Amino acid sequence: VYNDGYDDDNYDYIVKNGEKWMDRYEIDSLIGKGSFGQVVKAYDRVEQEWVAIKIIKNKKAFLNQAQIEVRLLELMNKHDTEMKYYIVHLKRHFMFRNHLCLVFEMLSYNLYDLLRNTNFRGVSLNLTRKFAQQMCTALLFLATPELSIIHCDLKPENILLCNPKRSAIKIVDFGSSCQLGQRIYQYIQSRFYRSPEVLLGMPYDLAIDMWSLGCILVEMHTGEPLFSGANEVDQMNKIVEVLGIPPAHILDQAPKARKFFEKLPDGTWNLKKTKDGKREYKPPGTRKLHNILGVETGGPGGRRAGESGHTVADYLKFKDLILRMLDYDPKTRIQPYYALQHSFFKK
């Protein structure tokens, strides 16, 4: 018996279809699950519109985190700019049966589902560019100094289509977000999208969201994750396959440098020695993004050969932007305002 019967063994509310809450919300169905809890589809009879309700887990640590999310959402949603409409609208929140409930506008499926619908062939470069320009505008909005918000968990699952059959998107799930002054975690971001500074245990800022976006944009067009580590060591080695050893000035300041690397007598860094010399990774920098993208050979896996909107010039512009988003140095990684000025977005 958990929560007088309303909860399961995992601090989640046992969702029951057709239930009416507070003589206002008619619960249609469960639409998603997460570590935070659940999201249900409901009808708001008062405002006479469909809404999405995020049911936070009935547990203190998750509740405390969702309060941070509420503060950041309300701060973004009230800002006086047009750029704020790339962030999901939090309509209201309430406590119900000892669960914090966040009521959002109803959106459509996420960009992972969209990838699944192409059977992981990836979406067109033209559609990728549309996602990239919106996400860049969103990161610019998060970067306005009064906000200074780090999403901290950008991934295809947290970018949603507004309408299933249009290209407009919004960012959701600010559950792990923080502001530039108020960072409280060290193990952050979903692993595939985790920045080098986080893996190395170094200080981080809004630039970690730009790293995630670079990884996301490649995956949206190729259909598969750029860096699919099974654990942190595997994740760092997969980044090194594509981008080489991180530069010495970063590793010299990285608290977790020796989790992946060793410093040589001359002050240069290499990967840690592997067991009995067992070969597992491409040598550093030899898994070229130029070839992952198929810049000159018809796109990813050659699947865009003979298609418009996929010229070598297009791919070269795309690759340059991605590499600027994946700069090892968070101080020189491209920032949203300048990313928006990139030749990849000239049309």
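Here, rigid core means the biggest group of C-alpha atoms that superpose within 1.5 Å across both forms. Each residue number is its position in the shown sequence, starting from 1.
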**Study point:** Higher-deviation segment by CA RMS in 9 other deposited structures of this protein, core fitted, 174 to 182 or 119 to 127
**Key:** 174 to 182
Check your understanding: Which is farther from the shown form in 9 other deposited structures of this protein in C-alpha RMS with the core fitted, 204 to 212 or 258 to 266?
Key -> 258 to 266
Review point. Would you say residue 105 is missing from a third or more of the other compared entries?
Key: no
Check your understanding: In a third or more of the other entries compared, is residue 223 missing its coordinates?
Key -> no
Practice item. State which stretch shows the higher mean Cα B factor in the entry: 174 to 182 or 103 to 111. Key: 174 to 182
Review point. Going by the B-factors listed in the PDB entry, is the mean over the C-alpha atoms higher for 320 to 328 or for 21 to 29?
Key: 21 to 29
Review point. Which one of 311, 286, 35, 67 shows the biggest C-alpha B-factor in the PDB entry?
Key: 35
**Study point:** Criterion, highest CA B-factor; candidates, 79, 129, 116, 191
**Key:** 79
Check your understanding: Which third of the chain does residue 244 land in by C-alpha B-factor: lowest, middle or highest?
Key -> lowest
Practice item. Rank-wise, by C-alpha B-factor, drop residue 187 into the lowest, middle or highest third of its chain. Key: highest
Study note, to complete from the structure: By the entry's values, the third containing the CA B factor of residue 269 is the middle
Practice item. Would you check the entry's CA temperature factor for residue 315 and let me know if it's in the chain's lowest, middle or highest third? Key: lowest
**Study point:** B-factor third for the C-alpha atom of residue 238 within its chain
**Key:** lowest
